[PDB]
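Only one chain is shown below, in structure tokens, and it's the form solved without N-(1H-indol-7-yl)acetamide.
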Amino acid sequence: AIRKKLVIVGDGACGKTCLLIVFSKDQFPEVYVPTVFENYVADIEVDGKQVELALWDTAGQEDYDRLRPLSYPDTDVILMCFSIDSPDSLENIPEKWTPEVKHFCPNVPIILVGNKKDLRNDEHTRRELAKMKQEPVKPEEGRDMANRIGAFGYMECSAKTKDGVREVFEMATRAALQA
């Protein structure tokens, strides 16, 4: 079983930690949603291939530009995260996360993942965004950003309801297997 490495990058409260914890636990944490994610090795069978997928997180490293690159060695797939309820986090994708990921990880597939897709039809999320003269990130805006930054693909999911989570990690495994 081939070993492959996955790293999730993105702004602070974009939900990258929640996503890893939901995938590794299989369910949304019932009694306690943890604060941090250490690491996890997942046994995935994508399209008839058995892979060991090491899952890493960059949460906590966002302000430390000399520490953070130490997460990048030997990465096979980058999950580039952004939050659908935060259009500002999407603006930082081509300005900050794409130049850095492409510098330390040349030729490493990136899947642009749009987290928190459930909040797209939430009442409180739309009212607060309207005060700031905005609205949730539309699917076409995510696809237009994944296209502009040369991402391998664009995928959406919800850590809360678990919809689309299994498919993001399965696709990441397929992307990491390409050479």
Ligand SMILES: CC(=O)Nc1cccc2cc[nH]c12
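Don't overthink the numbering: it's just position in the shown sequence, from 1.
The same protein also has a form deposited with N-(1H-indol-7-yl)acetamide bound, omitted here; what follows describes it.
Remark: open binding site. Placing N-(1H-indol-7-yl)acetamide in the deposited bound form onto this structure by local C-alpha superposition gives no atom within 2.4 Å of a backbone or C-beta atom.
Shown alone here, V108 lies within 4.5 Å of N-(1H-indol-7-yl)acetamide in the deposited bound form, counting heavy atoms only.
At least one heavy atom of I149 is located within 4.5 Å of N-(1H-indol-7-yl)acetamide in the deposited bound form. Residue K102 is the only one in 78 to 102 with at least one heavy atom within 4.5 Å of N-(1H-indol-7-yl)acetamide in the deposited bound form.
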